[PDB]
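Protein chains: 2
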Amino acid sequence: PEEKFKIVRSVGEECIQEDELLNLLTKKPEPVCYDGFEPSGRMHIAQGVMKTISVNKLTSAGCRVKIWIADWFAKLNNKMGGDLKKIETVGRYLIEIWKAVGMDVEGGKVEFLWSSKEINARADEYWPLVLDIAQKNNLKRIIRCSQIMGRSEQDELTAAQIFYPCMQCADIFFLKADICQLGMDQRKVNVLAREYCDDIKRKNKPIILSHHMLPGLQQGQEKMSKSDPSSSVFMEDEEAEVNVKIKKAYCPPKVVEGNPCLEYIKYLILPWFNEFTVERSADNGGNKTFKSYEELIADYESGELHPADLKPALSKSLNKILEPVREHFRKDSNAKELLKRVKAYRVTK
Amino acid sequence: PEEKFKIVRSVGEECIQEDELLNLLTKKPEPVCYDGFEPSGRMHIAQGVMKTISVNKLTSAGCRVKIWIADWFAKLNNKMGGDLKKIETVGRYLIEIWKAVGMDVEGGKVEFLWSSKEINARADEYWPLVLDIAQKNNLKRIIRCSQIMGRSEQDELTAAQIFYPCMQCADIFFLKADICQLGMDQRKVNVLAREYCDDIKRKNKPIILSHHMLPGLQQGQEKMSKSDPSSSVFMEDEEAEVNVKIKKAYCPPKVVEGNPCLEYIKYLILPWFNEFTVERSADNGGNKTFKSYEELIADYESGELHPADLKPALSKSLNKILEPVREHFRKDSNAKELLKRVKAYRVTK
RNA sequence: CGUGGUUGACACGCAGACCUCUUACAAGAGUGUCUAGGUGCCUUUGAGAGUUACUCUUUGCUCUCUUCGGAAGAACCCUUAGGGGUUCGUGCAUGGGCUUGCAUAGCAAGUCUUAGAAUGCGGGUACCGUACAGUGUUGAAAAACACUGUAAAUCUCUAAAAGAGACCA
Ligand SMILES: Nc1ncnc2c1ncn2[C@@H]1O[C@H](COP(=O)(O)OP(=O)(O)OP(=O)(O)O)[C@@H](O)[C@H]1O
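This is the structure:
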């Protein structure tokens, strides 16, 4: 139980009601967490490897993750030209990438639920819930939940943007999710679900485990951008392209706060291999292995670890992580055909 | 063709695109119609007799009508206790009321459709339609459909009060109805549906046939309300209290407009019976039968027709119209049981 | 970017972009490679309903009739082509002399030249060429061939806005 607490809490940087999470992990054998993605565009390393690590941690803790693939949201935002078949193909491509990189799908503790199929199977238990949340929460509160999208004082809203937050908030209760690990973008929807749970008088509020938003590889990009193929490593990139991107990534010397490379290491490399091996010249301390972020940050602040040796090591580790994906997509004919089909689809926005 | 057009146009008071109405009644042999109707407890003379006259005219014009029982909307607005099963029983009771007062169910021209059943049957066609209408119509426009529930523009709405206009706007296309008849308040929703139909380039835009709203009996109130028994008469009322209502109803002599009694005459007894018999005193010209509203109002203006003679004749005509309802209630065991259940249930706004 | 070159490549000096390094963008060094577009044609008919809402004015937005037809042209179909039809594809401001405010002349008011499409802007269409991506053939690489899209993919993707008074301010 305590080990489950540590593993689950390690998933997200912010855990609302840690005492409630403790109670949930003590009483419920398998918590049913919830995280989702819109099957569109490319897939940044943050999304891919962070969700893989989070899901592996949750399954090791014994969590029945219910991934929500938002194909109606992609269609309504007009992704891949608003084609359901193209969006399904992109979703299958992403899921195959994840299966290659390490999602424990074979363990049976991870379920990949499509929004369209699940909704059209049981909407009589879903759309009443969306109407209930829309009725119980007022227009000002719902509009405040949609400011993060960029629609609010900045942009005129299309009622669809009063149905989107309501549907995303009702997804948690439709999936009976006891935990939420959505990104910081939808923490507003998580809080909305919490207050709805207060309204409907439920003693088991959904825990929030918002994943830390990876800053972009370029300086100043606090928000992870998957639409600009210059400030984010994508798991479909080649080895040389990944090396170039990491070499061009921002990395201030002797600065740990706001360091894209250090944060990349902390939440991607260390959680995977339980270590960060760096090979350096004899004048630069030689070969040394860092087993923890504590000694990593201590040495980096002291200046013993320098970017000239740091970035090659990070690039090699990222290539080692991405190699299963590239090998799987080169070897499996179905995966290769999926990659070719996705490359054949031009982005329509 | 022209006879059908005249019969159809005799129903509504404001029919937008009368040219389109004629074109539809020429091209199609059986256009599809609906009426908007929320089942909530007692249902007054405007929703009974005016609605059944309109439906009878439309089915005589060889056009089908789909009765749209808005039980889902009632539940999500909480109206009538917010209980699905007994709201359905109320809807069945009112359907029986319309059957008793007169409705051609033998020919299958009328369709008693419950919103919940139809949505549960065809969610995958209806809810994508709702979201598409939401995408096409902006938040301010959806706000502007506000007075259908009886509120001012400056007030604050709930997100369900934005969900609902889109659900109404999508009910038309979900029913695939060609001519639209509802209250005068839902004109904005009907205009929204028309705009959505020219944003999706569907030919044959739905034709709006707006009804006329009967005002309150007491002068100063122009609205209708089943929760307020001081403004309208019901068909679940007894003869004596109906007479009391008619005599307490405001009716100034030699006044053309603003007379609830005259409007009730024109919209209820003249269309139903093609005539009206008034039992006048022997000093006014004896008993006289009026064949048209024009001559009736002319004789009322000329001063030989007084409220003291109009009210007894109005009461007698209304009672004669309502006799089938009471006879059906006393004869049909199922109808009597439904009425007893309705009386046992409590009505809350 | 221009010089010689019909231009693109090719040498020249430089502008920018691409690649290697102290990887921190910056800053600097390195040696190199690369940039494109051009041609011809056309493009402002008036009306009405809906849309801000509490209305009037100036207009926009879809909008269905209507048209010196949404034209320059594409896709498709009919076929003996000379041709016809459907879908699609439609622009925004101003003149110059006539009279006045002004000595005939900035700009405005009464008509005209629909618009000299005249002045500029932007649009889309067809051809060529360039490069990218894919298809099949000759193919050892390379390249060539014929075909299909892109080049500016990019925001009311969502339509009401302003002024004037109601009408509580
Ligand atoms: N760095 C991250 N770590 C973990 N989860 C993340 C991260 N960034 C986003 N997510 C998750 O991804 C989902 C939102 O995805 P995001 O907004 O990045 O784009 P998308 O909708 O998937 O892509 P597209 O822009 O192509 O539509 C949420 O479920 C959020 O929790």
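Quick note, the sequences are listed as chains B and A, same order. Each number in the deposited numbering corresponds to the 1-based position in the first sequence with 30 added. Each number in the deposited numbering corresponds to the 1-based position in the second sequence with 30 added. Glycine is no exception: its CB is placed at the ideal position from the N, C-alpha and C atoms.
Tell me which same chain residues have a C-beta within less than 6 Å of the C-beta of residue i, skipping the five on either side of it?
i	result
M73(A)	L124
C93(B)	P61, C63
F264(A)	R72, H74
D362(A)	none
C227(A)	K235
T119(B)	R371
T378(B)	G111
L298(A)	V79
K341(A)	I276, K277
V95(A)	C63, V85, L88, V140
So, with DSSP's three-state summary, where would you put residue i?
i	result
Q191(A)	helix
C63(B)	coil
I163(B)	helix
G213(B)	strand
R181(B)	coil
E141(A)	strand
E305(B)	coil
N108(B)	coil
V95(B)	strand
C196(B)	helix
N273(B)	helix
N168(A)	coil
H358(B)	helix
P337(A)	helix
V372(A)	helix
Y294(A)	helix
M254(A)	coil
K231(B)	coil
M133(B)	coil
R174(A)	coil
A365(A)	helix
Just to check my reading of the structure: residue i and residue j have Cβ atoms closer than 8 Å, yes? What is that Cβ distance to the nearest angstrom?
i	j	result
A76(A)	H358(A)	With 8 Å as the limit, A76(A) and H358(A) do not qualify as a contact, their Cβ atoms being about 20 Å apart.
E148(B)	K109(B)	In fact, because the Cβ distance is near 19 Å, the residues do not count as touching under 8 Å.
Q216(A)	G66(A)	6 Å
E33(B)	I238(B)	About 21 Å separates the two Cβ atoms, so there is no contact after all.
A190(A)	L161(B)	6 Å
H241(B)	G42(B)	5 Å
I295(A)	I192(B)	Not a contact, Cβ separation roughly 45 Å.
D101(A)	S40(A)	Actually they do not touch by this definition, with Cβ atoms about 30 Å apart.
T89(A)	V140(A)	7 Å
I'd like to confirm something about residue i: is its beta-carbon nearer than 7 Å to some heavy atom of ligand 3, or not?
i	result
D258(B)	No copy of ligand 3 appears in this structure; the ligands present are ligand 1.
Quick one: residues in its chain with C-beta nearer than 7 Å to the C-beta of residue i, no 5 flanking neighbours on either side, listed in chain order?
i	result
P31(B)	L55, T56
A279(A)	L247, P290, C291
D339(B)	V308, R310, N314
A151(A)	none
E126(B)	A365, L368
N317(B)	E309, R310
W302(B)	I83, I351
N349(B)	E269, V272
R376(A)	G111
DSSP has residue i in a bridge; who is on the other side?
i	result
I237(A)	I209(A)
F264(A)	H74(A)
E44(A)	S240(A)
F320(A)	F306(A)
Whose C-beta lies closer than 8 Å to the C-beta of residue i among residues of the same chain, with five residues either side of it excluded?
i	result
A164(A)	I172, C196
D154(A)	none
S257(B)	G71
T319(B)	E305, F306, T307, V308
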